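Let's start with one chain on its own, the form deposited in one PDB entry, as structure tokens.
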């Protein structure tokens, strides 16, 4: 529990709190040159995939061929713990449905889940494969409780937890926001 609790707090403090206040302007800036009457604009929140039991690939097209990379948002830099101009980059994806674009959003996995699942290769990391499955659930619940007590971050991101069409799962959450 304390392994998942710590990773959720680390992710909020060292990542979501730094990028979510600036996310809206970065998206709005991308939508300036990009948005027109012939296409859907990039949606306004960070969609964070929280798979409960997945290998967590680096390429979202590997998870679902209906999720394709479109472009990067303009970068966000800042000095952090001795590192000058540490870079925070986010990617824009199209969500296809029946061969046509149905959604456009900034999407990514919660990186601590990928790292958690990779701890299995190391004997000294401890915890069996069944322990890692409960730590993913505990990471998600903790993060959800954090965002519930942080109204600013709450409206700038959407958690997509799940256990298959990943495109349809993201599209479902994306469609709840508009209508």
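Think of the rigid core as the biggest set of C-alphas that the two forms share within 1.5 Å after superposition. Positions refer to the first chain, counted from 1.
Unmodelled in at least a third of other entries of this protein, residue 72: No: coordinates for residue 72 present in every compared entry.
Other entries omitting residue 94, at least a third: Modelled in all the others, so no.
Gap size between residue 164 and residue 163, counted in deposited residues that the entry leaves unmodelled: Some 4 to 9 residues are missing between them.
Mean Cα B-factor comparison, 146 to 154 or 58 to 66, giving the higher one as deposited: Comparing 58 to 66 with 146 to 154, the higher average CA B-factor belongs to 146 to 154.
Stretch with the higher entry mean CA B-factor, where the candidates are 4 to 12 and 168 to 176: The deposited B-factors put 168 to 176 ahead on the C-alpha mean.
Out of 110, 38, 46, 133, highest CA B-factor residue: Comparing C-alpha B-factors across 110, 38, 46, 133, the maximum falls on 133.
Largest Cα B-factor, entry values, listed residues 97, 94, 79, 71: When the deposited C-alpha B-factors of 97, 94, 79, 71 are compared, 97 is largest.
Position of residue 26 among the chain's modelled residues by C-alpha B-factor, lowest, middle or highest third: For residue 26, the deposited C-alpha B-factor lands in the lowest third.
Modelled-residue ranking by C-alpha temperature factor, third containing residue 118: Its C-alpha B-factor belongs to the middle third of this chain's values.
Keep in mind that the form deposited in another entry is missing from the display, and what follows is about it.
Flag for residue 111, CA shift 2 Å or larger between the shown form and the other one after aligning core: Comparing forms between the shown form and the other one, the residue 111 CA shifts below 2 Å.
Residue 44 C-alpha moves between the shown form and the other one by 2 Å or more, core aligned: For residue 44, whose C-alpha is compared between the shown form and the other one after core superposition, the shift is less than 2 Å.
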